[PDB]
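Undergrad: Pasting a structure below so you can have a look.
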Amino acid sequence: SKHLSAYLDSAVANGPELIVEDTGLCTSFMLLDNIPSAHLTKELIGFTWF
Amino acid sequence: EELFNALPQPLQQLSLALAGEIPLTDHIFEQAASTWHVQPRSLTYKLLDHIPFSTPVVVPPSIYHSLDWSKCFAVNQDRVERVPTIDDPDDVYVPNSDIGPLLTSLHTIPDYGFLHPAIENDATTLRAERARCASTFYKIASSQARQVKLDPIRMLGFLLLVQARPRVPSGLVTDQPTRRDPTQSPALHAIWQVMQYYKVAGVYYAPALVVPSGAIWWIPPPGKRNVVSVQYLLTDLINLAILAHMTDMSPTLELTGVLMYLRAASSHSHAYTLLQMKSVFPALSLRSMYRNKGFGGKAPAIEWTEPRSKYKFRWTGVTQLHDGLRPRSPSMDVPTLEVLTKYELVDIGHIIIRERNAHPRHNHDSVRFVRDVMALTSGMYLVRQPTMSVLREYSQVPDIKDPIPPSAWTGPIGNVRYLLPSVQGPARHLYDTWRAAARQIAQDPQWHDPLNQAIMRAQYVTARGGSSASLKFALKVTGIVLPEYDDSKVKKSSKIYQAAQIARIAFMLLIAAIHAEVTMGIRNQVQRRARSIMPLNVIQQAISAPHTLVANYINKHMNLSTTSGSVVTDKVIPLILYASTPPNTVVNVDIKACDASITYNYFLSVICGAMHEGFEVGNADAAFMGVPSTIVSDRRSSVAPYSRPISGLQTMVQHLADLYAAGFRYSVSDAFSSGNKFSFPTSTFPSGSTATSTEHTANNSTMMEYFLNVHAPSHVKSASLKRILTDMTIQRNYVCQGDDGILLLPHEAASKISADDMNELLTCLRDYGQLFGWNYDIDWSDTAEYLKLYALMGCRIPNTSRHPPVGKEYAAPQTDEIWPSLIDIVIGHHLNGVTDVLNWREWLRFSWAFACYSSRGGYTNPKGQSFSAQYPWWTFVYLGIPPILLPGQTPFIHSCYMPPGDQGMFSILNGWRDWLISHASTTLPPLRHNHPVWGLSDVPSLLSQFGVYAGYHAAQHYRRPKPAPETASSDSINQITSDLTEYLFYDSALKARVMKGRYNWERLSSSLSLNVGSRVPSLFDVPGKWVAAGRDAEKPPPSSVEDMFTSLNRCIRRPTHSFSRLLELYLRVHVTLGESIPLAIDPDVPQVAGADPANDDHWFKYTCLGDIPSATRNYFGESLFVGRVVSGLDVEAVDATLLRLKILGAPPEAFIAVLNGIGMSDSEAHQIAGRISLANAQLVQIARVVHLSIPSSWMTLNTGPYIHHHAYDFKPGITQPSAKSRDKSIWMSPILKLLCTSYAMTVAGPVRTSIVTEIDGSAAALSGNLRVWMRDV
RNA sequence: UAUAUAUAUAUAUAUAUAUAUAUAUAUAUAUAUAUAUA
RNA sequence: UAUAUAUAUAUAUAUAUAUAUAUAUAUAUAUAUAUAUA
């Protein structure tokens, strides 16, 4: 009955998922802070700015 | 099994016989029957002590909460009503009360009691209210207990006896032993627990005992009290226990039924509570089966032939099931569960649903499950006070949503008004339809034929009747002195009696009497309110003739009466099967109360006007049925009024409309209530018998047709629905009978209609019916309900609950019957268990036990002697019950389809032949001179030793006493006769015809010396038959009873050693069975639920032959030569005589005399006589000439082709040449084929080819003797 | 001792059904707020 | 005070998704019992 039901009705969906939409940014590479910058508060004040 | 040890010795022997251990014998047959009649019934309950139950059932003490009866009854307007407890006005049934306080003690049995003589006296004499209320309550409560074919305890005893020992296996490879076992049945355990309350010293006092005059009750001690509902609960439990065993259901389902009954019994009004939640089981199971994903299986492929009017169907293979074909309608779980929540029985639904989910695919198991669960509904014949019934049913009037405005009518025509042409709508459609039919009836020389006139007058007389008192009063009122014939001992209320009084009178003198009271009656039902019987008087029945005639024409000439020809009821079987197939969508409809909704203000006025106008085309001066034309005033023109003549038909309408407008005036005289007769009118149509089906079916068809073709397309919204709704017509899409109707949709192309459109369609139909006040009560569940038959996916489902094993209707306070009648009850009881497919082996065992108890009985003179008798068991074999085990054979080799009568005997002997002959030779000395069929071995003495002859002749004896004549009463007999003949022979031509025919006949029969004393059917004897029927309807005097017992005993004791001449000759034939025939259908496909490999024999018989009656060339002999006949005479006697004459080669004038003897004119007599020929006659048509008929049990099988080309009467390579029939084969071969197929159907297992192998005498000798016997009779 | 068949139990996988929880949508009811009318 | 509209919260019903539990069917593995063969 499974095969017969399968062969008789084609409205079983199972279609490939074609429509996929993105509203974000078309990029695949991320700029990454690997090593954080140090916070200076006693000496060398002003050399870095956040 | 210690229970087997508990049984007394004779019953132990009987149980062994039923189990197949030993061949049954008259000796043990009597010992068991005798001892049952002497021991107290309570011992049957005592047997229950020896069953170690292990079921999870608890009987709450809530049962013993008797509600006081005094508040459940009252009298107002001098009638005892029911005053329902709940606000629901329908709680009019027997309450739950303790009957105890109303009991005295009996002198015979001091323990049990009956009503106080003081109470009934005061209610009778003083008309005291409380006395009357108590009496009414006692009467109905007793009556409800009496609704059983016999005492339930006896049935319980039967069940224990058969279930006390497992049956011995046969040698058959399909003989599965029973899977179910005792100690697991919730019903029996429930009976045990509840009965524990009714013991004082281990005595088990029965709560009640049924008697011929009703039922008695046991006086409770001061501590206890007996509620009447308990007795009802026991009956339901016993009935369920029996049914569950026979249907072989799982204990879980039986558990649910027990809880079902217990919950109902706990609350007040046990009947009402059951009635409310009636349809729960079918809705849970039948209405919702395949609403899932894993659907599949095999289904029948049925095709409806092109001339659909003929209702011819063809089996044409099988269809694979798949998900696209699964049912579309919503399930029924939600409403049912919601209802069950009210009675806190949701567990039952959960259990049922969970169990149902185990059958996703359609097969034998699924339908078997459906059959079993649907068998759980209560099988009790509910009864209520007739006064409440009549007050509750006829108090309804239809509500019309758009009445015909008064300005829509013309001026009066004396009584009727014609309908203005400008008016449209369904009413216009109805008006035109009836008018057109009236026109066709108007000119029709079919009437005024004196023979046809005789048919109509004769149709009005039956043994029953009513309203005679009203008749005598009304005519005496108008100065008409009717005759009397009391000395002729016949009931006055019989329709025959009143008819005789009328015979002489000029008809028009009687016209004033039609406006007279009509008595009424009530017949109880199993699953609904009781039905009504409203017999009109003969005069009223005569006046309403035009209404019937037009209705008949509408039916027979539009949709061919939708099967209301009722020729064989089985034509609906293939119809519903086809209607339930996957490719088709079907909807079940039926008028809510067609009898109560047809009325004069809307319906009958339109019909009367149409008929009166429709009869205008015709001779204005033409009397009809003695009603002459008259002058009536026409007032259609306000400027030119006048008067003109109108034909008799119109005069009938004039009075008929007057009567309908006045409304029927009934008079109730219920006996169960006390001194409360009264009369009140109503618009409710009589609808007491099939004579009403014609009118309602006609109107049913008309409204449906207008809805389909006009109203629906103009009103529906879905374009797709419009597309499919069009191209649809009633003649090929709708059938009906009375209120019931079936609507089936055109095959949606490889698809199914949206449930959305269905809802739209069904909704509009409801509104359409609401317009003119018809509640259509439609439903859509992809099943077939028509005339109480159920089909699911082309498989028939026997609703066994509608045939309760223990229940039987009784409409009077007294059973009013004599002991021998019980036998016929047993026979009818057994057949239902065959029609419905039960476990054929176990059902047979139970049947014999029932027979054994019934086999014995007695009677006592009103003052004098007692009398007694009992039958040898072989009687029941002749009556149509297969034997379980013969000496020398193996048990359970005879199928239930074994034919009754001589055929069954012959088949049994034919199989039993060789063993008997050989055994007789060893045991007994040879007889003194050679025998035709036997050798010298003398088996007849052996048969007498088995008492076969005793049983064979005992079954032939009559079972109802005969009333005695008298000579002055014979002057009334002559007076009765004369008048009946006078009523029959209104004209003179018929009398001349019959007299000439009779005179010629006896002259020919004697002179030609065919024979003398031939009782040939003739009209002169029809009044004699009526008189005998009328006298028979009376309660016989005791002397007749004494004659019966004495005659029966003498017939038993008389030593005879011969069967009937026919059976003697039939034994000369030797028949053998070959291989199995080719199969009809795939064994996988189920066709009848329960006819499965488990229930092998039914499964074999159906599979081999196929169910669908498909006589493509046989027509089963329905083409009788005499289409038109008068009542009283038998067509089956007439054609038998005619064929017998034709075989005897009588001269043509013999046929002429016989035909003229039943009113046929000479010209048509010659025309009919010429048609008689051995060629065109059918196998059954010619075989019936020697009373070889088809058993009713076969009517559901396609036996035609088998009898045609599978029962070889002469196979060249097998038959001995001595058996060659030669030229007489033209009429010999059908007889042999009938004998062959009867033997083949007798044995169990698959159907095999049947072959005549030898006739001991030459076939010529057999034919010669047959011709002699044919000439003799 | 091994092989084969049948039955029962347990484990794992897959499918179907039911129940419960959570999320989202829609409908209905109740409460609160705001607006408008009386 | 009431009616109507809109928003928010809560409850109930229906649909869809996810998780968990239970039941049924099928497959595979293991154990036990019975039958047959060696």
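In the structure tokens, chains take the letters A, B, ... in the order shown, each chain's residues start at 1, and ligands count up from 1 in the order shown.
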May I ask you to extract the residues of chain B within 8 Å of chain C, using only C-alpha atoms (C1' of nucleotides), and to give them as a PyMOL selection string?
TA: chain B and resi 293-294+357
Undergrad: Could you tell me which residues of chain B sit within 10 Å of chain A when counting only C-alpha atoms, and give me the result as an NGL selection string?
TA: :B and (293-297 or 320-325 or 361 or 750)
Undergrad: So which residues touch residue 21 in chain D within 12 Å, counting only C-alpha atoms (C1' of nucleotides), skipping near sequence neighbours fewer than 5 positions away, as JSON, numbers by chain?
TA: {"C": [18, 19, 20, 21]}
Undergrad: Write a file of the just-selected residues containing N, CA and C atoms (P, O5', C5', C4', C3', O3' and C1' of nucleotides), as a PDB file, in the first residue's frame.
TA:
```pdb
ATOM      1  P     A C  18      -3.439  10.973  17.108  1.00  0.00           P
ATOM      2  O5'   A C  18      -3.322  10.749  18.681  1.00  0.00           O
ATOM      3  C5'   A C  18      -4.341  10.063  19.393  1.00  0.00           C
ATOM      4  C4'   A C  18      -3.933   9.776  20.817  1.00  0.00           C
ATOM      5  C3'   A C  18      -3.503  10.974  21.649  1.00  0.00           C
ATOM      6  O3'   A C  18      -4.596  11.715  22.161  1.00  0.00           O
ATOM      7  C1'   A C  18      -1.958   9.211  21.947  1.00  0.00           C
ATOM      8  P     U C  19      -4.405  13.257  22.571  1.00  0.00           P
ATOM      9  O5'   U C  19      -3.487  13.199  23.871  1.00  0.00           O
ATOM     10  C5'   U C  19      -3.962  12.604  25.069  1.00  0.00           C
ATOM     11  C4'   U C  19      -2.871  12.482  26.104  1.00  0.00           C
ATOM     12  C3'   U C  19      -2.192  13.778  26.521  1.00  0.00           C
ATOM     13  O3'   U C  19      -2.944  14.528  27.458  1.00  0.00           O
ATOM     14  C1'   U C  19      -0.551  12.133  26.105  1.00  0.00           C
ATOM     15  P     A C  20      -2.884  16.134  27.437  1.00  0.00           P
ATOM     16  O5'   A C  20      -1.433  16.474  28.001  1.00  0.00           O
ATOM     17  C5'   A C  20      -1.099  16.200  29.353  1.00  0.00           C
ATOM     18  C4'   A C  20       0.362  16.452  29.631  1.00  0.00           C
ATOM     19  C3'   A C  20       0.894  17.824  29.245  1.00  0.00           C
ATOM     20  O3'   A C  20       0.591  18.823  30.203  1.00  0.00           O
ATOM     21  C1'   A C  20       2.396  16.152  28.505  1.00  0.00           C
ATOM     22  P     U C  21       0.551  20.371  29.772  1.00  0.00           P
ATOM     23  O5'   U C  21       2.080  20.738  29.510  1.00  0.00           O
ATOM     24  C5'   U C  21       3.020  20.741  30.574  1.00  0.00           C
ATOM     25  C4'   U C  21       4.426  20.963  30.078  1.00  0.00           C
ATOM     26  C3'   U C  21       4.661  22.232  29.272  1.00  0.00           C
ATOM     27  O3'   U C  21       4.806  23.388  30.077  1.00  0.00           O
ATOM     28  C1'   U C  21       5.666  20.404  28.166  1.00  0.00           C
TER      29        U C  21
END
```
Undergrad: Could you name the residues that touch residue 38 in chain C at 12 Å or less, counting only C-alpha atoms (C1' of nucleotides), but leaving out those on the same chain fewer than 5 positions away, as a PDB file with N, CA, C and O atoms (P, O5', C5', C4', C3', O3' and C1' of nucleotides), in the first residue's frame?
TA:
```pdb
ATOM      1  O5'   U D   1     -19.282  51.790  36.907  1.00  0.00           O
ATOM      2  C5'   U D   1     -20.476  51.283  37.482  1.00  0.00           C
ATOM      3  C4'   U D   1     -21.624  51.325  36.504  1.00  0.00           C
ATOM      4  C3'   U D   1     -21.371  50.679  35.150  1.00  0.00           C
ATOM      5  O3'   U D   1     -21.534  49.272  35.173  1.00  0.00           O
ATOM      6  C1'   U D   1     -22.376  52.801  34.843  1.00  0.00           C
ATOM      7  P     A D   2     -20.766  48.347  34.107  1.00  0.00           P
ATOM      8  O5'   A D   2     -21.499  48.657  32.726  1.00  0.00           O
ATOM      9  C5'   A D   2     -22.818  48.192  32.484  1.00  0.00           C
ATOM     10  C4'   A D   2     -23.343  48.668  31.152  1.00  0.00           C
ATOM     11  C3'   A D   2     -22.518  48.294  29.931  1.00  0.00           C
ATOM     12  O3'   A D   2     -22.754  46.969  29.488  1.00  0.00           O
ATOM     13  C1'   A D   2     -23.126  50.577  29.810  1.00  0.00           C
ATOM     14  P     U D   3     -21.667  46.216  28.573  1.00  0.00           P
ATOM     15  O5'   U D   3     -21.724  46.993  27.182  1.00  0.00           O
ATOM     16  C5'   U D   3     -22.844  46.861  26.320  1.00  0.00           C
ATOM     17  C4'   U D   3     -22.715  47.736  25.096  1.00  0.00           C
ATOM     18  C3'   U D   3     -21.492  47.496  24.225  1.00  0.00           C
ATOM     19  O3'   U D   3     -21.638  46.389  23.351  1.00  0.00           O
ATOM     20  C1'   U D   3     -21.751  49.815  24.590  1.00  0.00           C
ATOM     21  P     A D   4     -20.349  45.543  22.896  1.00  0.00           P
ATOM     22  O5'   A D   4     -19.556  46.533  21.932  1.00  0.00           O
ATOM     23  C5'   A D   4     -20.056  46.848  20.641  1.00  0.00           C
ATOM     24  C4'   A D   4     -19.187  47.860  19.934  1.00  0.00           C
ATOM     25  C3'   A D   4     -17.713  47.508  19.807  1.00  0.00           C
ATOM     26  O3'   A D   4     -17.445  46.618  18.738  1.00  0.00           O
ATOM     27  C1'   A D   4     -17.934  49.747  20.537  1.00  0.00           C
TER      28        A D   4
END
```
Undergrad: Work out how far apart CA of residue 1094 in chain B and CA of residue 828 in chain B are and give it in Å to one decimal.
TA: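 A separation of 25.0 Å between them.
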Undergrad: Any idea what the distance is between CA of residue 1145 in chain B and CA of residue 1007 in chain B?
TA: 15.4 Å
Undergrad: Assign secondary structure with DSSP using the backbone only, and return the residues of range 278-512 of chain B in strand (DSSP E) as number ranges by chain.
TA: B: 297-304, 313-321, 409-412, 417-419
Undergrad: Those residues with C-alpha atoms, as a PDB file, in the first residue's frame please?
TA:
```
ATOM      1  CA  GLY B 297      -6.252  -3.734   2.008  1.00  0.00           C
ATOM      2  CA  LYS B 298      -8.554  -5.289  -0.561  1.00  0.00           C
ATOM      3  CA  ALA B 299     -12.095  -4.200  -1.359  1.00  0.00           C
ATOM      4  CA  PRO B 300     -14.873  -5.487  -3.625  1.00  0.00           C
ATOM      5  CA  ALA B 301     -15.241  -4.075  -7.126  1.00  0.00           C
ATOM      6  CA  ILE B 302     -18.980  -3.861  -7.792  1.00  0.00           C
ATOM      7  CA  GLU B 303     -20.570  -2.424 -10.922  1.00  0.00           C
ATOM      8  CA  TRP B 304     -24.147  -1.211 -11.362  1.00  0.00           C
ATOM      9  CA  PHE B 313     -25.240  -5.390 -10.015  1.00  0.00           C
ATOM     10  CA  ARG B 314     -22.149  -7.270 -11.130  1.00  0.00           C
ATOM     11  CA  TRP B 315     -19.151  -8.348  -9.116  1.00  0.00           C
ATOM     12  CA  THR B 316     -16.149  -7.509 -11.284  1.00  0.00           C
ATOM     13  CA  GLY B 317     -13.009  -8.109  -9.251  1.00  0.00           C
ATOM     14  CA  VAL B 318     -11.262  -6.373  -6.376  1.00  0.00           C
ATOM     15  CA  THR B 319      -9.646  -2.994  -5.777  1.00  0.00           C
ATOM     16  CA  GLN B 320      -6.460  -2.254  -3.870  1.00  0.00           C
ATOM     17  CA  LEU B 321      -6.936   0.181  -1.003  1.00  0.00           C
ATOM     18  CA  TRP B 409     -55.639  29.795  -3.545  1.00  0.00           C
ATOM     19  CA  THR B 410     -58.581  30.094  -5.902  1.00  0.00           C
ATOM     20  CA  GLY B 411     -62.228  30.108  -4.917  1.00  0.00           C
ATOM     21  CA  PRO B 412     -63.553  26.961  -3.274  1.00  0.00           C
ATOM     22  CA  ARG B 417     -59.124  25.030  -3.537  1.00  0.00           C
ATOM     23  CA  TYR B 418     -56.974  24.930  -6.640  1.00  0.00           C
ATOM     24  CA  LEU B 419     -53.497  26.439  -6.631  1.00  0.00           C
TER      25      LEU B 419
END
```
Undergrad: Which distance in Å separates CA of residue 1169 in chain B and CA of residue 1151 in chain B, to one decimal?
TA: 6.2 Å
Undergrad: Extract, using only C-alpha atoms (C1' of nucleotides), all DNA, RNA and protein residues at most 12 Å from residue 6 in chain D, discarding same-chain residues fewer than 6 positions from it, and format them as a list in words.
TA: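 Residues near the query, excluding close chain neighbours: residues 33, 34, 35 and 36 of chain C.
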Undergrad: If you keep N, CA, C and O atoms (P, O5', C5', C4', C3', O3' and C1' of nucleotides), can you produce a file of those selected residues as a PDB file, in the first residue's frame?
TA:
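This went into part_37.pdb:
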```pdb
ATOM      1  P     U C  33      -8.117  50.085  34.726  1.00  0.00           P
ATOM      2  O5'   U C  33      -7.209  50.555  33.504  1.00  0.00           O
ATOM      3  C5'   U C  33      -5.857  50.939  33.706  1.00  0.00           C
ATOM      4  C4'   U C  33      -5.149  51.203  32.400  1.00  0.00           C
ATOM      5  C3'   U C  33      -5.766  52.268  31.506  1.00  0.00           C
ATOM      6  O3'   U C  33      -5.431  53.589  31.899  1.00  0.00           O
ATOM      7  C1'   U C  33      -5.255  50.361  30.212  1.00  0.00           C
ATOM      8  P     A C  34      -6.477  54.787  31.666  1.00  0.00           P
ATOM      9  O5'   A C  34      -6.480  54.997  30.086  1.00  0.00           O
ATOM     10  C5'   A C  34      -5.342  55.525  29.421  1.00  0.00           C
ATOM     11  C4'   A C  34      -5.514  55.515  27.922  1.00  0.00           C
ATOM     12  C3'   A C  34      -6.765  56.191  27.383  1.00  0.00           C
ATOM     13  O3'   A C  34      -6.645  57.600  27.308  1.00  0.00           O
ATOM     14  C1'   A C  34      -6.472  54.098  26.319  1.00  0.00           C
ATOM     15  P     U C  35      -7.961  58.524  27.295  1.00  0.00           P
ATOM     16  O5'   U C  35      -8.615  58.243  25.869  1.00  0.00           O
ATOM     17  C5'   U C  35      -7.966  58.661  24.677  1.00  0.00           C
ATOM     18  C4'   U C  35      -8.680  58.159  23.445  1.00  0.00           C
ATOM     19  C3'   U C  35     -10.135  58.573  23.295  1.00  0.00           C
ATOM     20  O3'   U C  35     -10.293  59.891  22.797  1.00  0.00           O
ATOM     21  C1'   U C  35      -9.933  56.264  22.859  1.00  0.00           C
ATOM     22  P     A C  36     -11.552  60.779  23.255  1.00  0.00           P
ATOM     23  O5'   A C  36     -12.794  60.092  22.530  1.00  0.00           O
ATOM     24  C5'   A C  36     -12.947  60.171  21.121  1.00  0.00           C
ATOM     25  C4'   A C  36     -14.114  59.346  20.637  1.00  0.00           C
ATOM     26  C3'   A C  36     -15.455  59.626  21.295  1.00  0.00           C
ATOM     27  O3'   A C  36     -16.106  60.765  20.762  1.00  0.00           O
ATOM     28  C1'   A C  36     -15.099  57.290  21.178  1.00  0.00           C
TER      29        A C  36
END
```
Undergrad: Would you mind listing what lies within 12 Å of residue 39 in chain A as a VMD selection string, with only C-alpha atoms (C1' of nucleotides) counted and same-chain residues fewer than 6 positions away left out?
TA: chain A and resid 45 to 50
